[PDB]
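Residue numbers begin at 1 in each chain, while the letters A, B, ... track the order of the sequences. Any value given below was found using the heavy atoms of this structure, including those in side chains, with hydrogens, waters and symmetry copies removed.
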2 protein chains.
Amino acid sequence: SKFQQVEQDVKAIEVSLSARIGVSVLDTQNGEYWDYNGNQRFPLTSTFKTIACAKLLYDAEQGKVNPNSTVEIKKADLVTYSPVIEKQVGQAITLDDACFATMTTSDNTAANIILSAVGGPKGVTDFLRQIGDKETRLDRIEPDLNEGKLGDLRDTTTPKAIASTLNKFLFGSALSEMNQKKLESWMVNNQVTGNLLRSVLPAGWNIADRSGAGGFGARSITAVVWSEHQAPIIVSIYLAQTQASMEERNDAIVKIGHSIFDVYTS
Amino acid sequence: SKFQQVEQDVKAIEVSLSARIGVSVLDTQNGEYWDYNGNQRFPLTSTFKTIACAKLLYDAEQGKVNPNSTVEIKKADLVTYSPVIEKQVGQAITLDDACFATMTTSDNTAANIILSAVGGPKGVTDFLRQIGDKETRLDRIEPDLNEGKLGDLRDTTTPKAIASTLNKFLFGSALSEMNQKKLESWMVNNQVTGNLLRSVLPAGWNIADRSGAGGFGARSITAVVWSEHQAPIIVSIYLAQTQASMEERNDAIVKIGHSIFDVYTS
């Protein structure tokens, strides 16, 4: 009812882009929550990277791996779109650095590194199960995980499932406060999402975010927004199976974000 | 020779993406300059926005229009991807604000506003002619200027021509120092290009940039980079007529940028 307008904006976009669109919104202050197609499956694309760097930090707390330990970059390890790591062939990087890279620029080689240090796609999925995400699953590394094929279960989440997961990572007790704060910073210091929700963020609000794009037009973001008076709100927006232009898909996300934000500013 | 490697990276990309790629690089300290297909035509897409906000500032210096004067946003004026302006239907905006918006987020409605206050696509083209750009031309407003059709002359530049234009705007005398500094800031405070040259910028270097995407896979950036020891270098990269994914096109730009940057750091 509160989110009626959001719903109409979503329905319009779903028509104009001939797409599948999924949205979920969690208000942490009270326990209000809203979804459109919140149970449908969409490809994670790069929205997954949050989960693997939350694993790294968790697994470090348990003493199973050192984030100041360095991996060595070989030319043949490189995949499409690795700005940070392609500058460093024949140098070593701290996993800590590699998470900074993949969370802030979405460097894909850096993501593959992080994945190898936390038990692969199966490690990430097991982890999700242990915090009580029952839907989200990683199955492949970069770049094939972006394939985004219809009816393919691999590398998918639901808007609601990942919104809950992100809720628990940042505000639940799975992680130490310091490590929650680190993960927050990675997401707050994201450099590659100014064209999405940040571009419609109310003045003075904060935002921690992670976005995704891939195949058959998949486009998504998962974000936390908060402010002096507004307790954390978790937003999860996934598009898929569209031929819209990236620009059209980005436009869809900032319209939906603005409606969502409007709910909480009037 | 110095740029041999850059050239090989460009040739590779041109093959892998089955694309037309154009590059131009101006070193302002000495007068060195380099291009690949630097005379070929490519669509401006959003790389044009710089020219129209340089017009606004120039035309203000001449007393022909006030940048603290406000236009009124009507719902029916809105075009695809206008984050700032869609937040403000039934409010007024200073042209100054509208340039900030279109230069920092690439809001398209804001660009159309700026265009209407500087004599339209014909005003922009006349202006380019008067600073001695003979190739660059704007012919349409948003969004049709992004059409990027083969052999279409409208809304095109050459890598070299726009690189020279940007050179003159920032470092020539067409504009007052204060207004050069304003235009610099608009470009320095660009929020929507972290995934391009910024993601491979050498530590401590500065960057002022404006990027573009549109039709039949057009992708471009025009940027100035400088530092304590490195005098301004102007970079102009244009891709066109490709079916590559946005991610592939972004990857192409950061590879080429890194080669270019490498020239000047070893």
>> Looking at A/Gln91, I want to see if its CD is surrounded by more than 12 non-hydrogen atoms of other residues, nucleotides or ligands under 6.0 Å.
In response: yes
> What distance separates A/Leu78 CG from B/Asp251 CG, expressed to the nearest 0.5 Å?
Replying inline: 9.5 Å
>> Does B/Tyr36, at its OH atom, have more than 12 non-hydrogen atoms belonging to other residues, nucleotides or ligands within less than 6.0 Å?
In response: yes
> Taking it one step at a time, do B/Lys87 and A/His258 satisfy side-chain contact (heavy atoms from CB on, under 4.5 Å)?
Replying inline: CA-CA 8 Å; B/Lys87 303 218 66 138; A/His258 165 223; 3.6 Å; yes
>> Using a 4.5 angstrom heavy-atom cutoff, name the option from A/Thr105, A/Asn146, A/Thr80, A/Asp262 with the most pairs to chain B.
In response: A/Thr80
>> Between A/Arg198, A/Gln191, A/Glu247, A/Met246, who has the most heavy-atom pairs with chain B when the cutoff is under 4.5 Å?
In response: A/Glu247
> Taking C-beta and beyond as the side chain, do B/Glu86 and A/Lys255 meet within less than 4.5 Å on heavy atoms?
Replying inline: yes
>> Report which part of B/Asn108 has an atom under 4.5 Å of a heavy atom belonging to chain A: side chain, backbone, both, or neither.
In response: side chain
> Sub-3.5 Å donor-acceptor pair from the side chain of A/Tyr81 to the main-chain atoms of B/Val254, do we have one?
Replying inline: no
> Does any heavy atom of chain A fall under 4.5 Å from the side chain of B/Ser245, the backbone, both, or neither of them?
Replying inline: neither
